[PDB]
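With PDB, C-alpha atoms and all ligand atoms inside, this is protein_23.pdb:
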```
MODEL        1
ATOM      1  CA  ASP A   1      13.579  -8.266  15.962
ATOM      2  CA  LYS A   2      12.679  -4.903  17.666
ATOM      3  CA  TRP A   3       9.004  -5.094  16.429
ATOM      4  CA  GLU A   4       8.316  -8.521  18.113
ATOM      5  CA  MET A   5       5.837  -8.511  21.061
ATOM      6  CA  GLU A   6       4.431 -11.271  23.287
ATOM      7  CA  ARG A   7       0.648 -11.540  22.584
ATOM      8  CA  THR A   8       0.169 -10.944  26.394
ATOM      9  CA  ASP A   9       1.579  -7.376  25.914
ATOM     10  CA  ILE A  10      -1.907  -6.707  24.304
ATOM     11  CA  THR A  11      -5.398  -6.813  25.931
ATOM     12  CA  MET A  12      -7.880  -7.545  23.069
ATOM     13  CA  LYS A  13     -11.140  -5.507  23.129
ATOM     14  CA  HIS A  14     -14.138  -5.169  20.728
ATOM     15  CA  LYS A  15     -14.022  -5.894  16.969
ATOM     16  CA  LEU A  16     -13.589  -2.623  15.021
ATOM     17  CA  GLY A  17     -16.203  -1.175  12.639
ATOM     18  CA  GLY A  18     -18.587  -4.136  13.242
ATOM     19  CA  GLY A  19     -16.229  -6.467  11.242
ATOM     20  CA  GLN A  20     -15.766  -4.395   7.969
ATOM     21  CA  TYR A  21     -11.917  -4.853   8.191
ATOM     22  CA  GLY A  22     -12.395  -8.568   9.129
ATOM     23  CA  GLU A  23     -10.300  -9.657  12.164
ATOM     24  CA  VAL A  24      -9.250  -6.133  13.330
ATOM     25  CA  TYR A  25      -9.853  -5.399  17.048
ATOM     26  CA  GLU A  26      -9.375  -2.471  19.382
ATOM     27  CA  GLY A  27      -6.755  -3.345  22.015
ATOM     28  CA  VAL A  28      -4.629  -1.867  24.812
ATOM     29  CA  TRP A  29      -0.825  -2.036  24.627
ATOM     30  CA  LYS A  30      -0.256  -2.547  28.428
ATOM     31  CA  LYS A  31       3.278  -1.018  28.457
ATOM     32  CA  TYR A  32       1.756   2.515  27.875
ATOM     33  CA  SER A  33      -2.017   1.863  28.491
ATOM     34  CA  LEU A  34      -2.267   2.988  24.831
ATOM     35  CA  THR A  35      -5.422   2.121  22.820
ATOM     36  CA  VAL A  36      -4.256   0.342  19.632
ATOM     37  CA  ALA A  37      -5.680  -1.612  16.680
ATOM     38  CA  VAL A  38      -4.765  -5.313  16.283
ATOM     39  CA  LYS A  39      -5.187  -7.446  13.136
ATOM     40  CA  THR A  40      -5.225 -11.200  13.960
ATOM     41  CA  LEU A  41      -4.853 -14.518  12.070
ATOM     42  CA  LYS A  42      -5.660 -17.972  13.656
ATOM     43  CA  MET A  43      -4.492 -20.443   5.367
ATOM     44  CA  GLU A  44      -3.088 -16.943   4.392
ATOM     45  CA  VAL A  45      -0.018 -17.002   6.808
ATOM     46  CA  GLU A  46       2.657 -16.371   4.068
ATOM     47  CA  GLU A  47       0.663 -13.232   2.985
ATOM     48  CA  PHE A  48       0.136 -11.978   6.627
ATOM     49  CA  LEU A  49       3.910 -12.118   7.530
ATOM     50  CA  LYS A  50       4.986 -10.513   4.179
ATOM     51  CA  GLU A  51       2.665  -7.514   4.957
ATOM     52  CA  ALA A  52       4.046  -7.382   8.551
ATOM     53  CA  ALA A  53       7.611  -7.100   7.048
ATOM     54  CA  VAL A  54       6.524  -4.368   4.534
ATOM     55  CA  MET A  55       4.870  -2.187   7.261
ATOM     56  CA  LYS A  56       8.196  -2.180   9.281
ATOM     57  CA  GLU A  57       9.818  -0.225   6.365
ATOM     58  CA  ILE A  58       7.108   2.532   6.144
ATOM     59  CA  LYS A  59       7.007   5.767   8.222
ATOM     60  CA  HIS A  60       4.935   8.762   6.930
ATOM     61  CA  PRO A  61       2.430  11.063   8.717
ATOM     62  CA  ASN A  62      -0.385   9.794   6.365
ATOM     63  CA  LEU A  63       0.285   6.015   6.530
ATOM     64  CA  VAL A  64      -1.046   4.044   9.558
ATOM     65  CA  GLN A  65       1.940   3.538  11.929
ATOM     66  CA  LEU A  66       3.019  -0.030  12.848
ATOM     67  CA  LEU A  67       3.698  -0.386  16.615
ATOM     68  CA  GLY A  68       4.459  -4.154  16.796
ATOM     69  CA  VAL A  69       3.865  -7.724  15.511
ATOM     70  CA  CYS A  70       3.428 -11.242  16.945
ATOM     71  CA  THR A  71       4.896 -13.496  14.202
ATOM     72  CA  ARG A  72       6.402 -16.449  16.222
ATOM     73  CA  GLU A  73       3.363 -18.852  16.365
ATOM     74  CA  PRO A  74      -0.435 -18.456  15.849
ATOM     75  CA  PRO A  75      -2.470 -16.493  16.575
ATOM     76  CA  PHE A  76      -0.433 -13.846  14.603
ATOM     77  CA  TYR A  77      -0.878 -10.072  15.380
ATOM     78  CA  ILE A  78      -0.165  -6.821  13.524
ATOM     79  CA  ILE A  79      -0.488  -3.907  16.011
ATOM     80  CA  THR A  80      -0.902  -0.295  14.797
ATOM     81  CA  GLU A  81      -1.980   3.071  16.213
ATOM     82  CA  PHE A  82      -5.782   3.420  16.635
ATOM     83  CA  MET A  83      -7.435   5.839  14.149
ATOM     84  CA  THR A  84     -10.390   7.099  16.284
ATOM     85  CA  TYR A  85     -12.992   8.031  13.574
ATOM     86  CA  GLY A  86     -12.734   4.883  11.358
ATOM     87  CA  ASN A  87     -12.873   4.542   7.577
ATOM     88  CA  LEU A  88     -13.104   7.658   5.336
ATOM     89  CA  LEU A  89     -16.058   6.341   3.233
ATOM     90  CA  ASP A  90     -18.435   6.051   6.255
ATOM     91  CA  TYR A  91     -17.001   9.348   7.612
ATOM     92  CA  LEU A  92     -17.883  11.252   4.370
ATOM     93  CA  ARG A  93     -21.366   9.627   4.210
ATOM     94  CA  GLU A  94     -22.258  10.513   7.851
ATOM     95  CA  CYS A  95     -20.357  13.810   8.413
ATOM     96  CA  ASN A  96     -21.681  17.293   9.232
ATOM     97  CA  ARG A  97     -21.067  19.057   5.846
ATOM     98  CA  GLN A  98     -21.011  22.480   7.661
ATOM     99  CA  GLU A  99     -17.739  21.162   9.255
ATOM    100  CA  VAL A 100     -16.502  18.786   6.473
ATOM    101  CA  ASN A 101     -16.662  21.487   3.760
ATOM    102  CA  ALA A 102     -14.605  22.388   0.615
ATOM    103  CA  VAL A 103     -11.331  23.049   2.522
ATOM    104  CA  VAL A 104     -11.582  19.718   4.451
ATOM    105  CA  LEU A 105     -12.221  17.765   1.169
ATOM    106  CA  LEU A 106      -9.011  19.405  -0.268
ATOM    107  CA  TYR A 107      -7.136  18.611   2.978
ATOM    108  CA  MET A 108      -8.271  14.928   2.769
ATOM    109  CA  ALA A 109      -7.226  14.694  -0.953
ATOM    110  CA  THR A 110      -3.829  16.400  -0.218
ATOM    111  CA  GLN A 111      -3.049  14.041   2.752
ATOM    112  CA  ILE A 112      -3.785  10.823   0.753
ATOM    113  CA  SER A 113      -1.734  12.165  -2.220
ATOM    114  CA  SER A 114       1.136  12.879   0.279
ATOM    115  CA  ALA A 115       1.026   9.215   1.472
ATOM    116  CA  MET A 116       0.985   7.942  -2.166
ATOM    117  CA  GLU A 117       3.874  10.320  -3.194
ATOM    118  CA  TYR A 118       5.932   8.677  -0.365
ATOM    119  CA  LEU A 119       5.030   5.130  -1.557
ATOM    120  CA  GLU A 120       5.808   6.155  -5.211
ATOM    121  CA  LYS A 121       9.309   7.412  -4.125
ATOM    122  CA  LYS A 122       9.880   4.270  -1.919
ATOM    123  CA  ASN A 123       8.885   1.867  -4.817
ATOM    124  CA  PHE A 124       5.731   0.509  -3.082
ATOM    125  CA  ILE A 125       2.322  -0.001  -4.755
ATOM    126  CA  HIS A 126      -1.119  -0.148  -3.049
ATOM    127  CA  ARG A 127      -3.466  -2.905  -4.389
ATOM    128  CA  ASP A 128      -6.747  -1.526  -2.856
ATOM    129  CA  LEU A 129      -6.542   2.315  -2.745
ATOM    130  CA  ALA A 130     -10.167   3.409  -1.983
ATOM    131  CA  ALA A 131     -11.988   5.652   0.566
ATOM    132  CA  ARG A 132     -12.918   2.477   2.607
ATOM    133  CA  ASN A 133      -9.124   1.793   3.118
ATOM    134  CA  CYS A 134      -8.386   5.328   4.430
ATOM    135  CA  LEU A 135      -8.779   6.035   8.173
ATOM    136  CA  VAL A 136      -9.669   9.333   9.896
ATOM    137  CA  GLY A 137      -8.246  10.805  13.160
ATOM    138  CA  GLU A 138      -8.821  14.075  15.115
ATOM    139  CA  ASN A 139      -8.950  17.398  13.159
ATOM    140  CA  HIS A 140      -9.623  15.702   9.729
ATOM    141  CA  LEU A 141      -6.305  13.751   9.833
ATOM    142  CA  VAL A 142      -6.375  11.014   7.133
ATOM    143  CA  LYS A 143      -3.995   8.040   6.880
ATOM    144  CA  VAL A 144      -3.961   5.358   4.167
ATOM    145  CA  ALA A 145      -4.357   1.831   5.676
ATOM    146  CA  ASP A 146      -1.232  -0.151   4.657
ATOM    147  CA  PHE A 147      -2.108  -3.903   4.939
ATOM    148  CA  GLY A 148      -2.355  -4.168   1.076
ATOM    149  CA  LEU A 149       1.168  -2.825   0.147
ATOM    150  CA  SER A 150       3.698  -4.588  -2.187
ATOM    151  CA  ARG A 151       7.335  -3.799  -3.260
ATOM    152  CA  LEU A 152       7.686  -3.147  -7.057
ATOM    153  CA  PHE A 153      -9.612  -6.940  -7.373
ATOM    154  CA  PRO A 154     -11.927  -3.917  -6.741
ATOM    155  CA  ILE A 155     -13.152  -3.570 -10.370
ATOM    156  CA  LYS A 156     -14.510   0.049 -10.061
ATOM    157  CA  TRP A 157     -11.132   1.267  -8.598
ATOM    158  CA  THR A 158      -8.898  -0.837 -10.939
ATOM    159  CA  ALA A 159      -6.941   0.713 -13.887
ATOM    160  CA  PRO A 160      -7.789  -0.765 -17.336
ATOM    161  CA  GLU A 161      -4.257  -2.328 -17.754
ATOM    162  CA  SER A 162      -4.782  -4.149 -14.366
ATOM    163  CA  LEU A 163      -8.224  -5.593 -15.387
ATOM    164  CA  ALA A 164      -6.896  -6.715 -18.837
ATOM    165  CA  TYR A 165      -3.315  -8.074 -18.238
ATOM    166  CA  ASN A 166      -3.235  -8.358 -14.347
ATOM    167  CA  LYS A 167      -0.315  -5.781 -14.449
ATOM    168  CA  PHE A 168      -0.065  -3.381 -11.403
ATOM    169  CA  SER A 169       2.147  -0.236 -11.198
ATOM    170  CA  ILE A 170       2.196   3.090  -9.256
ATOM    171  CA  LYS A 171       0.237   4.406 -12.319
ATOM    172  CA  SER A 172      -2.578   1.860 -11.466
ATOM    173  CA  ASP A 173      -2.712   3.527  -7.975
ATOM    174  CA  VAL A 174      -2.974   6.960  -9.737
ATOM    175  CA  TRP A 175      -6.095   5.606 -11.554
ATOM    176  CA  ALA A 176      -7.532   4.284  -8.232
ATOM    177  CA  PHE A 177      -6.669   7.687  -6.614
ATOM    178  CA  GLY A 178      -8.860   9.468  -9.225
ATOM    179  CA  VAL A 179     -11.767   7.169  -8.224
ATOM    180  CA  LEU A 180     -10.967   7.926  -4.523
ATOM    181  CA  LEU A 181     -11.011  11.713  -5.337
ATOM    182  CA  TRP A 182     -14.450  11.142  -6.941
ATOM    183  CA  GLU A 183     -15.560   9.388  -3.688
ATOM    184  CA  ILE A 184     -14.335  12.482  -1.712
ATOM    185  CA  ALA A 185     -16.071  14.975  -4.079
ATOM    186  CA  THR A 186     -19.429  13.053  -3.833
ATOM    187  CA  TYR A 187     -19.215  12.582   0.008
ATOM    188  CA  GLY A 188     -18.845   8.815  -0.609
ATOM    189  CA  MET A 189     -21.223   7.805  -3.449
ATOM    190  CA  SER A 190     -20.675   4.367  -5.132
ATOM    191  CA  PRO A 191     -18.660   4.817  -8.370
ATOM    192  CA  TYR A 192     -20.290   3.860 -11.763
ATOM    193  CA  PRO A 193     -23.739   3.482 -10.074
ATOM    194  CA  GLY A 194     -25.977   0.725 -11.610
ATOM    195  CA  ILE A 195     -23.244  -0.355 -14.146
ATOM    196  CA  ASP A 196     -22.672  -4.168 -14.297
ATOM    197  CA  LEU A 197     -19.072  -4.961 -13.150
ATOM    198  CA  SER A 198     -18.412  -6.988 -16.393
ATOM    199  CA  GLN A 199     -18.978  -3.860 -18.628
ATOM    200  CA  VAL A 200     -16.728  -1.287 -16.817
ATOM    201  CA  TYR A 201     -13.613  -2.152 -18.932
ATOM    202  CA  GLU A 202     -15.471  -1.929 -22.303
ATOM    203  CA  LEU A 203     -17.018   1.464 -21.253
ATOM    204  CA  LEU A 204     -13.519   2.754 -20.229
ATOM    205  CA  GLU A 205     -12.079   1.287 -23.506
ATOM    206  CA  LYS A 206     -14.682   3.449 -25.407
ATOM    207  CA  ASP A 207     -13.542   6.628 -23.488
ATOM    208  CA  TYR A 208     -16.386   6.613 -20.886
ATOM    209  CA  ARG A 209     -15.353   8.411 -17.634
ATOM    210  CA  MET A 210     -17.586   9.426 -14.658
ATOM    211  CA  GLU A 211     -19.032  12.960 -15.018
ATOM    212  CA  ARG A 212     -17.992  15.885 -12.767
ATOM    213  CA  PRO A 213     -19.792  15.566  -9.399
ATOM    214  CA  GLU A 214     -22.216  18.336  -8.290
ATOM    215  CA  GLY A 215     -20.184  21.304  -6.954
ATOM    216  CA  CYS A 216     -16.769  19.769  -7.843
ATOM    217  CA  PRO A 217     -14.352  22.589  -8.844
ATOM    218  CA  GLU A 218     -13.292  22.267 -12.552
ATOM    219  CA  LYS A 219      -9.517  22.125 -11.589
ATOM    220  CA  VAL A 220     -10.278  19.148  -9.236
ATOM    221  CA  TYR A 221     -12.247  17.379 -12.027
ATOM    222  CA  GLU A 222      -9.410  18.000 -14.575
ATOM    223  CA  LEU A 223      -7.052  16.233 -12.112
ATOM    224  CA  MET A 224      -9.475  13.250 -11.824
ATOM    225  CA  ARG A 225      -9.526  13.074 -15.672
ATOM    226  CA  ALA A 226      -5.658  13.194 -15.812
ATOM    227  CA  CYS A 227      -5.649  10.246 -13.300
ATOM    228  CA  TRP A 228      -8.018   8.326 -15.699
ATOM    229  CA  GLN A 229      -5.780   8.650 -18.846
ATOM    230  CA  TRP A 230      -6.026   5.322 -20.782
ATOM    231  CA  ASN A 231      -2.199   5.251 -21.263
ATOM    232  CA  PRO A 232      -0.502   4.793 -17.821
ATOM    233  CA  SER A 233       2.516   6.988 -18.890
ATOM    234  CA  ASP A 234       0.047   9.912 -19.569
ATOM    235  CA  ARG A 235      -1.216   9.849 -15.907
ATOM    236  CA  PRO A 236       0.590  12.365 -13.633
ATOM    237  CA  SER A 237       2.924  11.276 -10.766
ATOM    238  CA  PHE A 238       1.678  11.370  -7.129
ATOM    239  CA  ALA A 239       4.367  14.122  -6.714
ATOM    240  CA  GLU A 240       2.636  16.190  -9.463
ATOM    241  CA  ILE A 241      -0.827  15.365  -7.900
ATOM    242  CA  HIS A 242       0.272  16.505  -4.383
ATOM    243  CA  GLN A 243       1.861  19.717  -5.816
ATOM    244  CA  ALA A 244      -1.377  20.482  -7.785
ATOM    245  CA  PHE A 245      -3.401  20.208  -4.496
ATOM    246  CA  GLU A 246      -0.842  22.426  -2.623
ATOM    247  CA  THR A 247      -1.272  25.029  -5.460
ATOM    248  CA  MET A 248      -5.150  24.992  -5.242
ATOM    249  CA  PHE A 249      -5.040  26.305  -1.607
ATOM    250  CA  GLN A 250      -6.027  30.045  -1.951
TER
HETATM  251  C1  LIG B 301     -11.135  19.051  -3.531
HETATM  252  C2  LIG B 301     -12.617  19.264  -3.567
HETATM  253  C3  LIG B 301     -13.444  18.348  -4.209
HETATM  254  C4  LIG B 301     -14.815  18.523  -4.229
HETATM  255  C5  LIG B 301     -15.393  19.629  -3.613
HETATM  256  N1  LIG B 301     -16.795  19.793  -3.644
HETATM  257  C6  LIG B 301     -17.542  20.675  -2.925
HETATM  258  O1  LIG B 301     -17.055  21.585  -2.265
HETATM  259  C7  LIG B 301     -19.023  20.546  -3.064
HETATM  260  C8  LIG B 301     -19.788  21.687  -3.243
HETATM  261  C9  LIG B 301     -21.159  21.593  -3.412
HETATM  262  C10 LIG B 301     -21.791  20.358  -3.401
HETATM  263  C11 LIG B 301     -23.281  20.245  -3.618
HETATM  264  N2  LIG B 301     -24.070  20.516  -2.418
HETATM  265  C12 LIG B 301     -25.358  19.820  -2.473
HETATM  266  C13 LIG B 301     -26.150  20.083  -1.217
HETATM  267  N3  LIG B 301     -26.366  21.513  -1.022
HETATM  268  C14 LIG B 301     -27.129  21.759   0.204
HETATM  269  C15 LIG B 301     -25.083  22.209  -0.980
HETATM  270  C16 LIG B 301     -24.293  21.953  -2.240
HETATM  271  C17 LIG B 301     -21.018  19.219  -3.225
HETATM  272  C18 LIG B 301     -19.648  19.313  -3.059
HETATM  273  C19 LIG B 301     -14.585  20.558  -2.973
HETATM  274  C20 LIG B 301     -13.210  20.365  -2.948
HETATM  275  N4  LIG B 301     -12.389  21.303  -2.286
HETATM  276  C21 LIG B 301     -11.598  22.284  -2.811
HETATM  277  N5  LIG B 301     -11.294  22.164  -4.127
HETATM  278  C22 LIG B 301     -10.545  23.136  -4.642
HETATM  279  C23 LIG B 301     -10.078  24.204  -3.906
HETATM  280  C24 LIG B 301     -10.443  24.254  -2.566
HETATM  281  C25 LIG B 301     -10.007  25.348  -1.657
HETATM  282  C26 LIG B 301     -10.741  25.713  -0.537
HETATM  283  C27 LIG B 301     -10.286  26.734   0.272
HETATM  284  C28 LIG B 301      -9.100  27.360  -0.054
HETATM  285  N6  LIG B 301      -8.354  27.025  -1.123
HETATM  286  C29 LIG B 301      -8.817  26.032  -1.887
HETATM  287  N7  LIG B 301     -11.209  23.299  -2.017
HETATM  288  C1  LIG B 302     -12.871  -0.258  10.984
HETATM  289  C2  LIG B 302     -12.556   0.787  12.025
HETATM  290  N1  LIG B 302     -11.266   1.070  12.243
HETATM  291  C3  LIG B 302     -10.981   2.016  13.153
HETATM  292  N2  LIG B 302      -9.639   2.359  13.381
HETATM  293  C4  LIG B 302      -8.563   1.650  12.962
HETATM  294  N3  LIG B 302      -7.338   1.994  13.277
HETATM  295  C5  LIG B 302      -6.465   1.270  12.529
HETATM  296  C6  LIG B 302      -6.994   0.226  11.845
HETATM  297  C7  LIG B 302      -6.282  -0.820  11.093
HETATM  298  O1  LIG B 302      -6.901  -1.521  10.313
HETATM  299  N4  LIG B 302      -4.952  -0.938  11.338
HETATM  300  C8  LIG B 302      -4.090  -1.894  10.757
HETATM  301  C9  LIG B 302      -3.731  -3.064  11.439
HETATM  302  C10 LIG B 302      -4.190  -3.350  12.842
HETATM  303  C11 LIG B 302      -2.916  -3.980  10.773
HETATM  304  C12 LIG B 302      -2.458  -3.738   9.490
HETATM  305  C13 LIG B 302      -2.817  -2.584   8.829
HETATM  306  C14 LIG B 302      -3.635  -1.669   9.468
HETATM  307 CL1  LIG B 302      -4.115  -0.212   8.667
HETATM  308  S1  LIG B 302      -8.729   0.221  11.996
HETATM  309  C15 LIG B 302     -11.988   2.685  13.843
HETATM  310  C16 LIG B 302     -13.317   2.350  13.538
HETATM  311  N5  LIG B 302     -14.379   2.894  14.195
HETATM  312  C17 LIG B 302     -15.729   2.375  14.096
HETATM  313  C18 LIG B 302     -16.701   3.509  13.849
HETATM  314  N6  LIG B 302     -16.607   4.524  14.910
HETATM  315  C19 LIG B 302     -17.582   5.603  14.704
HETATM  316  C20 LIG B 302     -19.028   5.167  14.866
HETATM  317  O2  LIG B 302     -19.915   6.123  14.339
HETATM  318  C21 LIG B 302     -15.232   5.037  14.976
HETATM  319  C22 LIG B 302     -14.258   3.914  15.227
HETATM  320  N7  LIG B 302     -13.581   1.380  12.651
ENDMDL
END
```
Could I get this file's structure written as structure tokens?
Ligand SMILES: Cc1ccc(NC(=O)c2ccc(CN3CCN(C)CC3)cc2)cc1Nc1nccc(-c2cccnc2)n1
Ligand SMILES: Cc1nc(Nc2ncc(C(=O)Nc3c(C)cccc3Cl)s2)cc(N2CCN(CCO)CC2)n1
Amino acid sequence: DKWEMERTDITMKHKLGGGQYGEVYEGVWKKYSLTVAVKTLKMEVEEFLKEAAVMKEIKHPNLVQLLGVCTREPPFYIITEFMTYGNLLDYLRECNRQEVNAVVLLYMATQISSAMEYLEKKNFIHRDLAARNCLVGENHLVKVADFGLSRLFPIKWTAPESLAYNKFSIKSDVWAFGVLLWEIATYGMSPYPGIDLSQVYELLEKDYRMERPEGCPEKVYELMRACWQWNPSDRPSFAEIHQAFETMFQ
């Protein structure tokens, strides 16, 4: 296996983002003195190795790049490139809005839609697509974190068909993407603020959708609304979503 590393190839450093991603650490891959991120497991082994195998198949500019794995005996490692600025939700909430302005919001939306178009075409689904599971690099680079991928839950990001019948599709990710776009357009506000988690489905069932955020262009809000179509087959494809963002650039 070309991905297999000895644990001693890595020097473990500090826990990343004060433990928000659980057991994810900064490390150094000694071969290149390259700062990396390392997810560890010392219960959920079957799950951890299945994700390791899935990440070997994925290669896109906007998905976090696997570098190696330690999957022989515990502790188990997944090693990726280090995204320097951390998760997109905290980044939006804390950013300088003079820098992170309309064109950067569009750029962030376009990048994530590019990653999801790739997964759509490669018959993968994400099971936790949200701003907190996107990572930021230099010059407003955004990559989707890829530990929760499957080959084909977070209630406020979950399509109605997934809450009701536990059924997930690429169309469920299109719903989640619309919530993520809402997170981008509000610089990382909590969706459905103050609404009890048990009543989200019944509100959605009676055609409730979140209102246009302050300053959100109408074309961007129309695309959110298309992502939140009740019928999954009425939601646009990630290919259509990416193309719509490309077209908006004036
Ligand atoms: C995709 C997106 C989603 C949301 C937003 N929202 C905002 O841009 C915005 C504007 C005003 C506020 C409100 N704000 C409150 C505080 N006071 C001080 C300022 C105003 C909030 C968000 C922009 C975008 N970006 C976007 N959308 C469509 C087109 C473009 C675009 C930009 C440049 C060139 N071509 C296209 N850029
Ligand atoms: C939570 C967090 N992660 C960061 N970067 C990461 N790179 C990649 C990550 C990741 O999880 N990889 C991964 C692995 C390893 C396995 C499977 C799947 C995947 Cl995707 S986590 C940076 C960061 N920072 C804290 C805050 N700082 C600013 C202070 O103001 C910036 C730095 N915090």
Requested in this report: Around ligand LIG 301 (chain B), at most 7 Å away and counting all atoms listed in the file, which residues are there? Put them as a PyMOL selection string, please.
Outcome: chain A and resi 101-106+109+184-186+214-217+220+248-250
Can you find the residues with an atom no farther than 6 Å from (1.9, 4.7, 13.8), counting only C-alpha atoms, and report them as a JSON list (two decimals) with C-alpha atoms, in the frame of the given file?
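Final output, point-v1.json:
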```
[["chain", "number", "residue", "atom", "x", "y", "z"],
["A", 64, "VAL", "CA", -1.05, 4.04, 9.56],
["A", 65, "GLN", "CA", 1.94, 3.54, 11.93],
["A", 66, "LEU", "CA", 3.02, -0.03, 12.85],
["A", 80, "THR", "CA", -0.90, -0.30, 14.80],
["A", 81, "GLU", "CA", -1.98, 3.07, 16.21]]
```
Counting all atoms listed in the file, closest pick from A:188, A:236, A:86, A:18 relative to ligand LIG 302 (chain B) is A:86
Provide an axis-aligned box for all listed atoms of ligand LIG 302 (chain B), padding each side by 3 Å; report its centre and its edge lengths in Å to one decimal, as AutoDock Vina command-line options.
```
--center_x -11.2 --center_y 1.1 --center_z 11.9 --size_x 23.5 --size_y 16.1 --size_z 12.6
```
* Of the listed residues A:26, A:202, A:218, A:173, that which approaches ligand LIG 302 (chain B) most closely, counting all atoms listed in the file ->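 Closest residue, counting all atoms listed in the file: A:26.
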Please write the residues picked by the PyMOL selection byres (((chain A and resi 179) around 8) and not hetatm) on this file as a list in words. residues 130, 156, 157, 175, 176, 177, 178, 180, 181, 182, 183, 191 and 224 of chain A
What residues come out when you apply the PyMOL selection byres (((not hetatm)) within 6 of (chain B and resi 302)) to this file, written as a CSV table (one decimal) with C-alpha atoms, keeping the file's coordinate frame?
```
chain,number,residue,atom,x,y,z
A,16,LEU,CA,-13.6,-2.6,15.0
A,17,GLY,CA,-16.2,-1.2,12.6
A,20,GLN,CA,-15.8,-4.4,8.0
A,21,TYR,CA,-11.9,-4.9,8.2
A,24,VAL,CA,-9.2,-6.1,13.3
A,37,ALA,CA,-5.7,-1.6,16.7
A,38,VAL,CA,-4.8,-5.3,16.3
A,39,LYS,CA,-5.2,-7.4,13.1
A,64,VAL,CA,-1.0,4.0,9.6
A,78,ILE,CA,-0.2,-6.8,13.5
A,79,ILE,CA,-0.5,-3.9,16.0
A,80,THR,CA,-0.9,-0.3,14.8
A,82,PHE,CA,-5.8,3.4,16.6
A,83,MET,CA,-7.4,5.8,14.1
A,84,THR,CA,-10.4,7.1,16.3
A,85,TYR,CA,-13.0,8.0,13.6
A,86,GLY,CA,-12.7,4.9,11.4
A,87,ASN,CA,-12.9,4.5,7.6
A,145,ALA,CA,-4.4,1.8,5.7
A,146,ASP,CA,-1.2,-0.2,4.7
A,147,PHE,CA,-2.1,-3.9,4.9
```
Close residues, residue 205 of chain A itself excluded, 12 Å, only C-alpha atoms, min 2 positions apart in chain, as a tab-separated table (two decimals) with C-alpha atoms, in the coordinates of the input:
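Result saved to part.tsv:
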```
chain	number	residue	atom	x	y	z
A	159	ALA	CA	-6.94	0.71	-13.89
A	160	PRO	CA	-7.79	-0.76	-17.34
A	161	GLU	CA	-4.26	-2.33	-17.75
A	163	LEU	CA	-8.22	-5.59	-15.39
A	164	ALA	CA	-6.90	-6.72	-18.84
A	199	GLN	CA	-18.98	-3.86	-18.63
A	200	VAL	CA	-16.73	-1.29	-16.82
A	201	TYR	CA	-13.61	-2.15	-18.93
A	202	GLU	CA	-15.47	-1.93	-22.30
A	203	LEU	CA	-17.02	1.46	-21.25
A	207	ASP	CA	-13.54	6.63	-23.49
A	208	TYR	CA	-16.39	6.61	-20.89
A	209	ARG	CA	-15.35	8.41	-17.63
A	228	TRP	CA	-8.02	8.33	-15.70
A	229	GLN	CA	-5.78	8.65	-18.85
A	230	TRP	CA	-6.03	5.32	-20.78
A	231	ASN	CA	-2.20	5.25	-21.26
```
With all atoms listed in the file as the atoms that count, which of A:25, A:48, A:68, A:55 lies nearest to residue 9 of chain A?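 Selected residue with least distance to residue 9 of chain A: A:68.
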Q.
Report, in Å with one decimal, the straight-line distance from atom CA of residue 99 of chain A to atom CA of residue 144 of chain A.
A.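 Distance between the two atoms: 21.6 Å.
Take the candidates A:35, A:158, A:62, A:198 and check each one against residue 135 of chain A using only C-alpha atoms; the shortest distance goes to A:62.
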Atom pair atom CA of residue 120 of chain A + atom CA of residue 67 of chain A, distance 22.9 Å
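Nearest residue to residue 174 of chain A, choosing from A:98, A:190, A:40, A:233 and counting only C-alpha atoms: A:233.
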Practice problem: Using the chain letters and numbers from the file, give me the residues hit by the PyMOL selection byres (((chain A and resi 91) around 10) and not hetatm), as an NGL selection string. | Solution: :A and (85-90 or 92-96 or 100 or 131-132 or 135-136 or 140 or 187-188)
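Between atom CA of residue 41 of chain A and atom CA of residue 76 of chain A the separation is 5.1 Å.
Of the residues under consideration (A:206, A:127, A:59, A:121), A:127 shows the shortest atom-to-atom contact distance to residue 169 of chain A when counting only C-alpha atoms.
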- Show me as a PyMOL selection string the residues that reach within 9 Å of (5.9, 4.1, -6.1), counting only C-alpha atoms and using the file's own coordinates. chain A and resi 116-126+151-152+169-171+173+238
Using all atoms listed in the file, which protein or nucleic acid residues come within 7 Å of residue 29 of chain A? Drop anything in the same chain fewer than 3 positions from it, and give the result as a list in words.
residues 9, 10, 11, 32, 33, 34, 35 and 36 of chain A
Residues within 7 Å of residue 69 of chain A, please, as a PyMOL selection string. Count only C-alpha atoms; anything in the same chain fewer than 4 positions from it doesn't count.
chain A and resi 3-5+52+77-79
